[PDB]
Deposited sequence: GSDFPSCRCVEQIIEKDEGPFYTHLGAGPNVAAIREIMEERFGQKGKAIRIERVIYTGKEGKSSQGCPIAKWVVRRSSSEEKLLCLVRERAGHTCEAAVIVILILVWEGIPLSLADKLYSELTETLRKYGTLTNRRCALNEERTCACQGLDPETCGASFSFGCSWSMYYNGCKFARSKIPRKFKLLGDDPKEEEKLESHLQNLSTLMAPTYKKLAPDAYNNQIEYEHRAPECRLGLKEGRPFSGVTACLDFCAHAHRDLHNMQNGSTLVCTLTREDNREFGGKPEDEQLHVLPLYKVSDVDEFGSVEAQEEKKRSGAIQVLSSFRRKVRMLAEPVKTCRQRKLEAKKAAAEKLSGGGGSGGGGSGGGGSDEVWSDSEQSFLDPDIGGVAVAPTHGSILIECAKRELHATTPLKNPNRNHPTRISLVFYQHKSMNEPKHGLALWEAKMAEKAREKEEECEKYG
């Protein structure tokens, strides 16, 4: 690993990593995933996706899907997207780039988190501004224009800071990982309890399904316990962000730790909680640099055509829709109605845009640090009653010092 080519050119074959899983061929991946998940056959679904490196986006630079991978039946339990690396014959020729557990957390818990997080964050949440909230031009209105109701991200836990080259709480006597508006310890305590319990629950699923990435993220658990979430032995997570009707424009999460992954737990509005329902709107998670294969897991063309006809792979067509654009770009540190369309993305077969439609209670695992990814904008974003909430669990780089890096920073001053 590796002599297939003299140079691994990642802009040609895609980013190379094996910590979600890797093998000589697709069959080897099924064996790995069958072993990990504890079931065989129909319970596991593998889709081959192809890295094209050409980004699907609207004429305004905002996220679009060209294909949607949807849960095929209630019998399908685990979805894995795999990349067969262009021109490789070695033991890591095929790598796993996304794992989706459809039935991730109990539905009663997912129902409750959706209510409680919506209510808490609408009343007390302080929003976190991120780069990926806007397009390149900084002029789109994908989140909505009503500041009371627009899509938003709320970040909790620990985060890396360039100022300390370590945890942002380096100088905080009593850090509040779950800081809400004002100073209401009781509401923060409730929110902490929800997210800590969820961290605790998701850790063993992470270990089960992506053991190498998991084991990477727990290597320094005992050195930096204050920079970890979770209430039981085994604490891979450090930060968590709640995204409510939030359109994440194409991005990578660049200060996530090397060789780790992100877990996304999805909660949906009450009209999208039944298999085979037709919700009024939905949000998709998109890999803009990939296209779907002409062939299914096992190499059949016909089987892939079956899936396209059944809607297990939804082939989308281009749109031409009215959208808002701000008169001034949003800064660092009025609006007009414009035409937005996706026609150019659909004319080129090699422009990417593979989406998955995560369901209520599902858990998605991907290397967000390395893979370009995005979420689609809602028709009418409303964080007071969101179409989708994502809870995104991660660990940043350089979060391996005790007490949020207090001692190390003191040594510096």
- Item | Gaps in the model (deposited sequence, numbered from 1) | 1 to 5, 339 to 367, 448 to 462
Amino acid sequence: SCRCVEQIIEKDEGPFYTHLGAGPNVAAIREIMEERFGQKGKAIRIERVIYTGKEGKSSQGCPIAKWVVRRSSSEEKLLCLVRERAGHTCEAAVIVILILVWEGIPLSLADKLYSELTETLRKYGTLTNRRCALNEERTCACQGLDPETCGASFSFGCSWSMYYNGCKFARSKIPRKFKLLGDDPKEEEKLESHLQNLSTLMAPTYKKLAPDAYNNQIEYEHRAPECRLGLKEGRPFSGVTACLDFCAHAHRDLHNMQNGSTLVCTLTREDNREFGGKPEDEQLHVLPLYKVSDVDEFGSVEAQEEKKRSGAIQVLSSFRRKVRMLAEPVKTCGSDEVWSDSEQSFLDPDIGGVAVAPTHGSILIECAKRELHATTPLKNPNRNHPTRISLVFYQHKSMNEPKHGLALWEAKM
From here on, numbers count along this sequence of modelled residues.
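We call the rigid core the largest set of C-alpha positions that still match within 1.5 Å between the two forms.
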- Taking RMS over all structures and residues, which stretch has CA atoms farther from the shown form in 5 other deposited structures of this protein, 274 to 282 or 205 to 213, after a rigid core fit? 274 to 282
- Looking at the other compared entries that model both neighbours, is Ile8 missing coordinates in at least a third of them? yes
- Comparing 262 to 270 with 301 to 309, where is the mean C-alpha B-factor higher? 301 to 309
- On average, are the C-alpha B-factors higher in 90 to 98 or in 318 to 326? 318 to 326
- Query: Among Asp212, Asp146, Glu119, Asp296, which residue carries the highest C-alpha B-factor recorded in the PDB entry?
  - Reply: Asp146
- Item | Highest recorded Cα temperature factor - choice among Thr205, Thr241, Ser115, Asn165 | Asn165
- Task: Going by the recorded CA B-factors, say which third of the chain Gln196 sits in, lowest, middle or highest.
- Result: lowest
- Ranked against its chain, the third holding the CA B-factor of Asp281: middle
- Task: Compare the C-alpha B factor of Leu127 with those of the other modelled residues in its chain, then answer lowest, middle or highest third.
- Result: highest
- Message: Where does the C-alpha B-factor of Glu55 rank in its chain, lowest, middle or highest third?
- Response: middle
- Name the third of the chain's ranked CA B-factors that contains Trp339, choosing lowest, middle or highest. highest
